[PDB]
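Only one structure is covered here, and it is reproduced in the block below.
None of the figures in this text is laboratory data; all of them are computed from the coordinates on show. Note that each Cβ is placed from the backbone with ideal geometry, even for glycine, and that neighbours are counted across all protein chains shown.
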Amino acid sequence: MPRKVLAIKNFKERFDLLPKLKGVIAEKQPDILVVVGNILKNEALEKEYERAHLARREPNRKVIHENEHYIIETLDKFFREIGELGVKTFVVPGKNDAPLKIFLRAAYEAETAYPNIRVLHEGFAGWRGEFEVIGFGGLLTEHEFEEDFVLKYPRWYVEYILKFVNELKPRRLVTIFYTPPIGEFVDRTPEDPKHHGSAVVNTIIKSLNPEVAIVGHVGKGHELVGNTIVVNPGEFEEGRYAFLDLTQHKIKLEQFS
């Protein structure tokens with residue numbers, strides 16, 4: 001009774017790569033598809049936010065308004081093209097999948113045509129009566145909190161929201177985060193020894209003790225953090241994905257061939 005998961009991260013508007021993803025789905029027949037953000041590039045919003053904060057000035061919401069048409073059209077295209085792959089799918093937004101209100105409106109709109117898709121952000125879903133799948137997107141940080149120009153959350157809020165996990169049906173826990181924990185591989189690349197994840201996620205993992213964590217942002221690999229198997233699929237732009245068998249705990253980091 002395998003329970004197979006195909007995961008990608010940093011889709012970053014790479015619709016050109018979806019035919020290859022479709023091929024993998026046909027060949028490997030995953031039970032679920034997990035798409036971790038970033039879904040969008042959305043560079044202008046992020047730059048305005050960062051520039052404004054560095055200059056200690058009020059972020060210019062005109063930048064949001066002038067980019068709304070692009071954000072909406074691109075998100076709608078994402079839900080359609082992912083939906084058409086036809087797999088049960090969980091989507092968790094990245095730092096650039098903002099404004100959150102617009103992202104969630106797109107998710108809502110996708111529900112009738114693509115009932116196979118569920119967005120998980122500060123929320124959960126049961127799967128096959130055996131798992132609880134928890135998602136919490138955005139960049140998790142010590143002290144930053146933003147949802148309009150970018151998605152960033154502070155430790156206190158992440159911990160506050162995730163108190164819900166202890167209220168859930170007792171099941172095998174799978175957590176999906178945009179932000180990876182500090183690890184040897186899962187928050188690093190060979191280009192710098194610096195860690196690009198967050199201690200907040202090590203802390204969440206310690207607190208929740210999930211069986212598996214699927215993570216995004218920067219990193220590639222699989223390793224134990226506490227008792228949790230943490231999997232960072234690597235960059236979708238590099239043709240990379242992860243394939244997990246939750247029944248036998250088989251983890252493979254693969255690349256389109």
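If you take the residues of the stretch 190-220 that are at positive phi and surrounded by 21 or more Cβ atoms within 10 Å (Cβ to Cβ), which of them is farthest from the chain's Cα centre (by Cα)? So the residue we want is 219.
Regarding the stretch 97-113, can at least one residue be identified that is of a type in the set (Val, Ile, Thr) and within 17 Å of residue 216 (Cβ to Cβ)?
Within the stretch 97-113 (the criterion being of a type in the set (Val, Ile, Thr) and within 17 Å of residue 216 (Cβ to Cβ)), the answer is no, since none of the residues qualifies.
Residues that are more than 21 Å from residue 164 (Cβ to Cβ) and either under 14 Å from the mean Cα position of the chain (by Cα) or surrounded by fewer than 21 Cβ atoms within 10 Å (Cβ to Cβ) (or both) within the stretch 107-132 comprise 109, 111, 112, 113, 114, 115, 116, 117, listed in sequence order. Selection of the stretch 153-179 for residues being within 14 Å of residue 142 (Cα to Cα) and either touching a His at 6+ places or on another chain (Cβ under 9 Å) or of a type in the set (D, E, K, R) (or both) yields 154, 155, 156, 159, 179. Being farther than 24 Å from residue 230 by Cβ, touching a residue at least 12 places away in the same chain (Cβ under 8 Å), surrounded by 16 or more Cβ atoms within 10 Å (Cβ to Cβ) and among the aliphatic types (A, V, I, L, M) holds for only one residue in 63, 24, and it is 63. Within the stretch 157-189, the set of residues being surrounded by fewer than 15 Cβ atoms within 10 Å (Cβ to Cβ) and in a loop (DSSP other than H, G, I, E, B) comprises 168, 169, 170, 184.
Has the stretch 49-71 got at least one residue that is within 22 Å of residue 238 (Cβ to Cβ) and either over 18 Å from the mean Cα position of the chain (by Cα) or of a type in the set (A, V, I, L, M, F, W, C) (or both)? Checked against the condition, which is being within 22 Å of residue 238 (Cβ to Cβ) and either over 18 Å from the mean Cα position of the chain (by Cα) or of a type in the set (A, V, I, L, M, F, W, C) (or both), the stretch 49-71 yields no hits at all.
Screening residue 34 on (1) out of contact with any strand residue (DSSP E or B) (no Cβ under 9 Å at 6 or more places or on another chain); (2) β-branched (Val, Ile, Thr); (3) within 24 Å of residue 235 (Cα to Cα); (4) buried (at least 18 other Cβ atoms within 10 Å of the Cβ) shows it passes everything except condition (1). If the condition is being in contact (Cβ under 8 Å) with a residue 40 or more places away in the chain and within 22 Å of residue 6 (Cβ to Cβ), then the stretch 202-224 contributes 210, 214, 215, 216, 217, 223.
A quick yes/no check of all residues on (1) of a type in the set (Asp, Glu); (2) over 20 Å from residue 38 (Cα atoms):
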| site | (1), (2) |
| --- | --- |
| 52 | no, yes |
| 56 | no, yes |
| 59 | no, yes |
| 67 | no, no |
| 118 | no, no |
| 128 | no, yes |
| 134 | no, no |
| 146 | yes, no |
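When residue 130 is tested against (1) within 28 Å of residue 255 (Cβ to Cβ); (2) of a type outside the set (S, T, N, Q); (3) in contact (Cβ under 8 Å) with a residue 24 or more places away in the chain, exactly one condition is not met: (1).
Against the conditions (1) touching an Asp or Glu at 6+ places or on another chain (Cβ under 7 Å); (2) assigned to a loop (DSSP other than H, G, I, E, B); (3) crowded, with 22+ Cβ neighbours inside 10 Å, residue 230 satisfies every one except (2). Does any residue of the stretch 234-243 turn out to be within 20 Å of residue 92 (Cβ to Cβ), free of Cβ contacts under 8 Å to residues at least 60 places away in the same chain and hydrophobic (A, V, I, L, M, F, W, C)? Scanning the stretch 234-243, I find no residue that is within 20 Å of residue 92 (Cβ to Cβ), free of Cβ contacts under 8 Å to residues at least 60 places away in the same chain and hydrophobic (A, V, I, L, M, F, W, C), so the answer is no. Hey, does the stretch 134-143 have a residue that's over 30 Å from residue 208 (Cβ atoms), free of Cβ contacts under 8 Å to residues at least 24 places away in the same chain and assigned to a loop (DSSP other than H, G, I, E, B)? No, the stretch 134-143 contains no residue that is over 30 Å from residue 208 (Cβ atoms), free of Cβ contacts under 8 Å to residues at least 24 places away in the same chain and assigned to a loop (DSSP other than H, G, I, E, B). Could you check, for the stretch 243-251, whether at least one of its residues is in a strand (DSSP E or B) and crowded, with 23+ Cβ neighbours inside 10 Å? Checked against the condition, which is being in a strand (DSSP E or B) and crowded, with 23+ Cβ neighbours inside 10 Å, the stretch 243-251 yields at least one hit.
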